[PDB]
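So basically every Cβ, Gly included, is an ideal-geometry build from the backbone, and we count neighbours across all protein chains shown. Taken together, the values in this text are just the output of simple stated rules run on the coordinates, not laboratory data.
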Amino acid sequence: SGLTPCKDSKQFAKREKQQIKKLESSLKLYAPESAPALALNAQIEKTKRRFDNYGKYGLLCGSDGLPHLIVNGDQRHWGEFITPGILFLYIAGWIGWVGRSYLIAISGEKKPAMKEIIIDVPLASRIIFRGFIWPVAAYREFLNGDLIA
Amino acid sequence: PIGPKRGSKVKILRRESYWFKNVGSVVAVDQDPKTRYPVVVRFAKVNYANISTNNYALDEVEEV
Amino acid sequence: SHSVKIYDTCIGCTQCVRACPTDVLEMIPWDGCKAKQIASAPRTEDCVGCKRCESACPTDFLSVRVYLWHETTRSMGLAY
Amino acid sequence: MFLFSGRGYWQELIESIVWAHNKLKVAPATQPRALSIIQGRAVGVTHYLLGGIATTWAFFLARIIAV
Amino acid sequence: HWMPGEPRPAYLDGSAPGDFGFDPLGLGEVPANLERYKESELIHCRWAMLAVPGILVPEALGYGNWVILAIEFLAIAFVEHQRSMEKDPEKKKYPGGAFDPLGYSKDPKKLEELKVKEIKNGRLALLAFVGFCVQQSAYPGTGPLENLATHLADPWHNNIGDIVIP
Amino acid sequence: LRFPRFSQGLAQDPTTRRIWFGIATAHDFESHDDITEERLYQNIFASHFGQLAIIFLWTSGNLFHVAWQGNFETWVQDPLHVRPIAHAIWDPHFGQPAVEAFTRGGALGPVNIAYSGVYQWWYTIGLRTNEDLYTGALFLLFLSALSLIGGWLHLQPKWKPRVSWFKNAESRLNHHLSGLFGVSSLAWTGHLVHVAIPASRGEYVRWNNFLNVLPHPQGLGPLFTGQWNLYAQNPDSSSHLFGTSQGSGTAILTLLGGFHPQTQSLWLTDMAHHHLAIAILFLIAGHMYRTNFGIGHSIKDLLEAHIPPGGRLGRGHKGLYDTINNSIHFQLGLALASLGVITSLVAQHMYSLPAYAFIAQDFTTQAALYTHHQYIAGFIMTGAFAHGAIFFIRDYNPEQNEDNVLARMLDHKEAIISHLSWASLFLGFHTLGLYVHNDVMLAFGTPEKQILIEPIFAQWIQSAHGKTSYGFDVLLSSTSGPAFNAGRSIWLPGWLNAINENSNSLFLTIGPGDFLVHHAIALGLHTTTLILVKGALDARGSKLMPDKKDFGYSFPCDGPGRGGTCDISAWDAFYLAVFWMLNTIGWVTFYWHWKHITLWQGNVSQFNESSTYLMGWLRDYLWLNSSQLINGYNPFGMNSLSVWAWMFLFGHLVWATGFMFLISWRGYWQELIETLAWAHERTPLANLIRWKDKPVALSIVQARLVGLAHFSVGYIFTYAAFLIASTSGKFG
Amino acid sequence: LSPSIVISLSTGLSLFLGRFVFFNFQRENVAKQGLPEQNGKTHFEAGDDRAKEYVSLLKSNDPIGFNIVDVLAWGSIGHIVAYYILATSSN
Ligand code: CLA
Ligand code: CLA
Ligand code: CLA
Ligand code: CLA
Ligand SMILES: CC1=C(/C=C/C(C)=C/C=C/C(C)=C/C=C/C=C(C)/C=C/C=C(C)/C=C/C2=C(C)CCCC2(C)C)C(C)(C)CCC1
Ligand code: SF4
Ligand code: SF4
């Protein structure tokens, strides 16, 4: 959509050069072997590697020199939004399933409210491993009809 | 004996009650033919006034 | 003044009568409950509307209800 | 939000939220309650003072160090 | 029946002609809906059966492929309005009367067997028309007979792999 | 009975609450003493007449003051280098430097520059001199007098309409559709053809000669013979100068599309055709319903027969006709929703497709009209939801509407409310997170780490409309498509030329900042809807207060029992939603103003680069553009922007004053007034004077209303001052 | 090119269709839906003295009951279509 790749972005190169020039301005103030100078020299390399990696991944830059993210579902940009999205969904489902399974276990007690303050660690440690298979567990429970009260 | 047997589980049908469509345990029922709300029910959840006991009529209680 | 109404879900525990700071309510005999009594509101012209009576009713919903209405000197709590 | 508003609205909102939680058997045994009348006042003034004092602090410190 | 091992819906007992207990969506629960759907299905079957040879015959006779007006509008509107004016549920699906001078309604069992055969052939013709319509999209400007000839060139397979996976 | 005479309860009140509540409850006809349905309807009729009387008077003042103290004749000659004048200034407090500083335009004294855009509208519709404005003012005065006379006459006992006349819904719809909407548009087309177009082509048509001038050389011949194409031949040339005959055509009904090259507004021959088509459609649509002539539809049977056979909607629409007809708050709620939607649409369309000559080059006028009509829409929407809640409280009858769509609405209110909560939380969480991430990333000196997301879907829509700034090549942007070939020879060239001109506001270019601000707007809309819908659905009662319907629409609270019941009435849900409405409209107007000012300055890259983090908004928009406004008066002197600085400070003061009513509550002030009353009573030479009504503090509900009024007034005045000062300090 | 005076034979065809083929259908729906009502009563019997149906205009001597109202309703359709053909052509 009028976007150019990072590796061929003159404004991207200008941003990198300007940041490096600004960083090197403070390097001249200290002795070359001093600890502040050693710490500063490690910052320039980090900037260089970051810019190289951004160029190497085929990110798209506009007229500003800043990368843009395409989330329409293009197969060449699945790492921007699609790939991290499924990971977040899996992790959030794990957390939710563990939290839901803990409450059901203690609901049958005489005083279920007491277990919400003093957490039963031996009981909680067993349920934690069970969240690994939460997609299959939820898929099977939905079909059987036990998901909704 | 008039009313549901004590110890049973009952469902509340009163519209304005905090425990509408909830299940409670019968504590006692009054055998006096003049009492208007003899059935005494006890609930696990307290209402907004921190009370878990209330009296209901015969037609406000459904036996589950 | 305000309007105070008493309904038949009363159990006659006498808390509202003790909570009134203006002597509006009183208890009368009534064979409709175990306590054989029910509350009454004969002097509603002295009610100020502080609703201390409703904070004392223990039923699922209040057996004593206060509805605010035309306000006078007595119901405004004015001393000047 | 705490200074301008009241307690009944939030209790009713929490009622709807609790219904949606009950629908999926994730209803906590400790019934959620909105903050009391006195607590809602105390929360508002704390944030008010914190925000004002922090704004003035940052403004003064950034201005006077530079010049 | 439609697929063995599946319980049939209560409203499809296998007594109706052409019935095979097919309703994965359950769109025929209401009796009035079932009568309307029966009539609509019959009309669709008859029209498709009347139409398909009129599409095929051109290409076979070499006159071309399948790819006054006021009189036509008047006639069709009048015919459809007059059909809609009928009130009997049974006469709408089968009008009989003088419309069948050949008298093929004399025998009851033969009548029912004819009804089943007509329903089956109507479903087949409807599927054939859907096939024609989808075929025209894949190969524009090519009639079905030319497609059959191209299949005769390579009688191996229904050439969907050339389309589904380009 | 002394005051108010319509309420006995308030008349007996011995305190100052009597006056306040007499003022506040004056127009609530349903709560007055000894009211009836007939009396209520007749009062509403008379009130509507009185309202129509005031609109015609307000319009006449503008015309009279422009004609008497304006420079309309001078502005017409050179529209692009003259400042419109609203009225004159006569203030005895003025100093000598202020008298000379405000003397602008061709006037000989202090004047006010008009930002309402009436000069352009009147110029476009055919007025050219002051005598026309005077005649218009006289006619509007006559109309106002006629409205007042009609109202008085229909308030008389002999001419009082009956209740059954007002409930005749089928006859009213026929007359309002065909007569009010169709004939009016037809008459406006007749005006445009007869007067407006010949005036735009250099010919003067007035009352004394319009019966001797043919609007078209061929007259009415082509219309009856069916040769309607002769009315579109020889259209206006692209070199035409507005108001002069150079390059003018002879067509009266065209479908060119695009903009006039000189005025940058829609062609005058397109408006005539558009209004003709609209008038014909509305005239045809007005014969649907049944009247005394034995043909048509009945709305009662139309609703009753739309019931899905599956039973997934209950009984369907049964009983809704009487529910709508017998309830007046239901009628008012439906009018306000449509009015708000079309007001928003007007605001969105008037800035991108200007209709008036020489209004696209007036930068202050165009920014004021968008902010004016967008703030009104929010208030109308809040009113629609408030009157829906009032209807649910008052007019709803559960037995009549059993198991229809309304009962099923009330049945599952918990599911609707809990989902708007999820949508609002999701939007707010993620929008704030992205904004803060960008803020931190740029604060640490590494702007290349920002999360910038291109709004691909809106860009695709723009490309499908014919914009070629993205290269998607879809639909109208594709020359080989079926869509392009259909209209290539009717309207496509002009529209395509106009849309690809990047100097106007037709489908501007968008980026990540537009994405973020659009999602902020969506969050605001969802949250305001959530508050209003929760109030409306919980108006009848909830678990905390099952019998809320017995206490009316507005009441203070239900005491401190059961944990506390502040702000529990349905009136308090409306009062909370006004803050969110103001916040959302503020976001919308901030976005519009910054984008357009950056476009006008020629440095559109500044918005494209700074809008993505929250420090850019505060530094490059508010701090940067308020430099000229606060310099209205300084220790050295003053200029013509001093009034806007004074308005700025005045709005700040009122907004800050509203906080006192919103935060501090009643019990403190009554205890203060006790001591004040004692002190007055025990003072020599001053206790000879006595009050007649005892002083008391403001009621619980009244204070919320007062604080809200202060808050809103300060908000509006401050933003108006800032907007006008910033936009007119650079472009005039 | 047939002119404006001849193409308006569409009015004749519309009147023919209104009286002979579409007459029965229109009368059935009119009686099925009936007069508009407010609170279970028609507009005239509820008090509105200007909502009484006109029966003098409905009195017709036609064998099937064709009326001037139906004449106007069915002839208005013919003129609209006639001008649609005259306008769509000659572009
Ligand atoms: C594990 C517990 C748990 C689960 C399964 C849910 C599930 C749900 N909540 Mg929820 N909620 C929770 C805890 C939980 N909540 C807590 C503790 C709070 C108070 C902070 C809320 C406050 C809340 C609101 C205000 C709303 C929901 C809503 C919802 C529903 C929409 C989906 C969603 O994620 O909303 C988003 C949920 C959140 C943003 C909550 C934050 C997540 C918390 C921090 C996780 C806490 C986990 C806890 C420590 C478990 C410990 C387990 C351990 C013993 C092993 C969904 C059914 C929405 C709805 O549909 O209406 C009811 C809604 O509007 N929730
Ligand atoms: C031809 C018949 C006719 C006409 C013209 C009217 C006209 C009117 N009636 Mg009415 N009425 C009629 C028959 C008619 N009635 C009949 C038969 C009945 C009995 C069934 C009634 C019963 C009745 C009642 C009970 C009431 C009215 C009222 C009104 C007035 C409402 C004002 C209005 O709509 O704003 C005019 C609105 C528009 C023209 C359209 C606004 C919306 C559009 C979409 C906006 C378009 C704007 C456009 C872009 C131009 C703006 C730009 C510009 C600023 C430059 C209006 C004068 C009300 C009243 O009393 O008013 C005094 C009222 O209460 N009528
Ligand atoms: C800047 C002020 C402000 C803010 C941030 C909010 C925010 C919110 N309001 Mg709100 N409101 C405000 C002013 C504000 N309001 C005012 C002035 C009024 C008028 C009185 C209202 C009236 C109002 C109503 C009537 C309603 C809301 C609701 C909401 C919530 C829904 C919006 C959303 O998406 O949540 C986004 C969430 C956030 C912005 C919270 C972010 C906080 C972060 C994540 C915490 C980070 C962790 C923390 C720092 C660690 C703790 C450290 C320790 C030292 C404390 C949201 C929390 C609605 C609600 O609650 O229903 C859902 C609702 O119904 N508001
Ligand atoms: C900017 C907002 C604002 C303003 C102006 C005020 C003003 C005031 N507050 Mg206050 N307050 C505020 C916000 C504000 N408060 C907030 C947010 C809170 C927290 C809830 C409080 C809490 C608070 C408390 C708790 C108390 C006050 C009190 C007072 C009064 C102090 C005594 C006095 O007369 O002062 C002098 C008055 C002024 C400075 C205002 C007038 C300014 C100019 C001179 C107006 C001149 C206009 C002139 C008459 C011409 C008008 C003519 C007309 C035709 C237009 C004063 C009126 C106290 C009180 O009751 O009095 C003892 C008190 O006890 N306030
Ligand atoms: C053609 C076209 C189109 C279309 C579109 C559309 C179709 C849209 C729609 C839209 C819509 C569709 C909207 C809506 C809205 C809504 C609203 C705004 C609502 C409101 C509501 C309310 C206000 C309520 C009230 C109430 C209540 C609450 C209760 C009681 C009752 C009542 C009613 C009163 C498009 C553009 C695509 C494209 C181009 C062309
Ligand atoms: S409202 Fe207060 S004064 Fe009135 S009866 Fe109740 S407790 Fe007594
Ligand atoms: S009003 Fe309440 S407290 Fe008083 S007797 Fe009745 S139930 Fe008891």
Residue match in segment G:14-24 (condition: out of contact with any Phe, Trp or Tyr (no Cβ under 9 Å at 6 or more places or on another chain), loosely packed, with under 12 Cβ neighbours inside 10 Å and within 12 Å of chain F (Cβ to nearest Cβ)): no
Given (1) within 30 Å of the chain's Cα centre (by Cα); (2) within 15 Å of ligand 5 (Cβ to nearest atom); (3) not acidic (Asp, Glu), index of the condition F:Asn401 fails: (1)
Qualifying residue in segment F:286-299 (condition: buried (at least 17 other Cβ atoms within 10 Å of the Cβ), assigned to a helix (DSSP H, G or I) and of a type outside the set (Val, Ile, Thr)): no
Sole exception among (1) in a loop (DSSP other than H, G, I, E, B); (2) closer than 30 Å to F:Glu38 by Cα; (3) more than 14 Å from every other protein chain (Cβ to nearest Cβ) for F:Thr103, by number: (2)
Only listed residue being farther than 19 Å from F:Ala337 by Cβ, crowded, with 18+ Cβ neighbours inside 10 Å, of a type in the set (A, V, I, L, M, F, W, C) and within 16 Å of ligand 3 (Cβ to nearest atom), chosen from F:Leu432, F:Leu427: F:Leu427
Which numbered condition F:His412 misses (of (1) surrounded by fewer than 16 Cβ atoms within 10 Å (Cβ to Cβ); (2) closer than 27 Å to A:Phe81 by Cβ; (3) within 14 Å of chain D (Cβ to nearest Cβ)): (2)
Wholly within segment F:479-582, helices (runs of 4 or more DSSP H) carrying at least 1 residues that are over 30 Å from F:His274 (Cβ atoms) and among the basic types (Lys, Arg): F:512-537
Lone qualifier among D:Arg63, D:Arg7 - being within 14 Å of F:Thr565 (Cβ to Cβ) and more than 16 Å from ligand 2 (Cβ to nearest atom): D:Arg7
Unique residue being closer than 21 Å to F:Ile252 by Cβ, more than 14 Å from chain G (Cβ to nearest Cβ) and of a type in the set (A, V, I, L, M) when the list is F:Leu186, F:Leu180, F:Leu138: F:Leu186
Scope segment G:14-52; condition over 30 Å from F:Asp322 (Cβ atoms) and in a loop (DSSP other than H, G, I, E, B); matching residues: G:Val21, G:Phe22
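Table: residues versus (1) away from ligand 4 (no atom under 16 Å from the Cβ); (2) over 23 Å from F:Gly561 (Cβ atoms).
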{"site": "D:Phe2", "(1), (2)": "no, no"}
{"site": "D:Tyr9", "(1), (2)": "yes, no"}
{"site": "D:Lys25", "(1), (2)": "yes, yes"}
{"site": "D:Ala34", "(1), (2)": "yes, no"}
Of all residues in segment C:26-56 being within 11 Å of another protein chain (Cβ to nearest Cβ), hydrophobic (A, V, I, L, M, F, W, C) and part of a loop (DSSP other than H, G, I, E, B), the one that is surrounded by the most Cβ atoms within 10 Å (Cβ to Cβ): C:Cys53
Tally, over segment G:68-79, of residues that are more than 14 Å from G:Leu17 (Cα to Cα) and within 8 Å of chain F (Cβ to nearest Cβ): 1
Residue within segment G:59-73 that is touching a strand residue (DSSP E or B) at 6+ places or on another chain (Cβ under 9 Å) and surrounded by 16 or more Cβ atoms within 10 Å (Cβ to Cβ) present: no
Residue, farthest from ligand 4 (Cβ to nearest atom), within segment C:12-25, restricted to residues that are surrounded by fewer than 20 Cβ atoms within 10 Å (Cβ to Cβ) and part of a loop (DSSP other than H, G, I, E, B): C:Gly12
Meets criteria (within 14 Å of chain C (Cβ to nearest Cβ), away from ligand 2 (no atom under 16 Å from the Cβ) and surrounded by fewer than 17 Cβ atoms within 10 Å (Cβ to Cβ)) for F:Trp691: yes
Identity of the residue in segment D:6-57, under 28 Å from A:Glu116 (Cβ atoms) and among the polar types (S, T, N, Q), that ends up farthest from the other protein chains (Cβ to nearest Cβ): D:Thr46
Tally of residues being more than 11 Å from chain F (Cβ to nearest Cβ) and either more than 15 Å from ligand 7 (Cβ to nearest atom) or surrounded by fewer than 16 Cβ atoms within 10 Å (Cβ to Cβ) (or both) across segment C:59-80: 0
Residue, nearest to ligand 2 (Cβ to nearest atom), within segment F:415-457, restricted to residues that are among the polar types (S, T, N, Q) and either part of a helix (DSSP H, G or I) or within 13 Å of chain D (Cβ to nearest Cβ) (or both): F:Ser424
Some residue of segment F:145-166 being away from ligand 1 (no atom under 16 Å from the Cβ), away from chain G (no Cβ under 14 Å), closer than 30 Å to F:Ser245 by Cα and under 27 Å from the mean Cα position of the chain (by Cα): no
G:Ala31 vs. criteria more than 8 Å from chain F (Cβ to nearest Cβ) and more than 14 Å from the chain's Cα centre (by Cα): yes
Sole residue being surrounded by fewer than 16 Cβ atoms within 10 Å (Cβ to Cβ) and not hydroxyl-bearing (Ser, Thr, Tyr), chosen from F:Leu276, F:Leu303, F:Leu281: F:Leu281
All positions within segment D:43-60 that are surrounded by fewer than 12 Cβ atoms within 10 Å (Cβ to Cβ) and either in a loop (DSSP other than H, G, I, E, B) or under 11 Å from the mean Cα position of the chain (by Cα) (or both): D:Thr46
Residue selected from segment F:631-677 under the condition in a helix (DSSP H, G or I) and within 20 Å of F:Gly95 (Cα to Cα), by the criterion farthest from ligand 3 (Cβ to nearest atom): F:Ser642
Candidates F:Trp571, F:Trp617, F:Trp580, F:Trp594 - the one that is of a type in the set (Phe, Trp, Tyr), within 30 Å of F:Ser505 (Cα to Cα) and touching a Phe, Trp or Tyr at 6+ places or on another chain (Cβ under 7 Å): F:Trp594
Top-ranked residue in segment F:521-558 [being in contact with a helix residue (DSSP H, G or I) (Cβ under 6 Å, 6 or more places away or on another chain), within 19 Å of B:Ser17 (Cα to Cα) and within 12 Å of chain C (Cβ to nearest Cβ); ranked as surrounded by the fewest Cβ atoms within 10 Å (Cβ to Cβ)]: F:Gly541
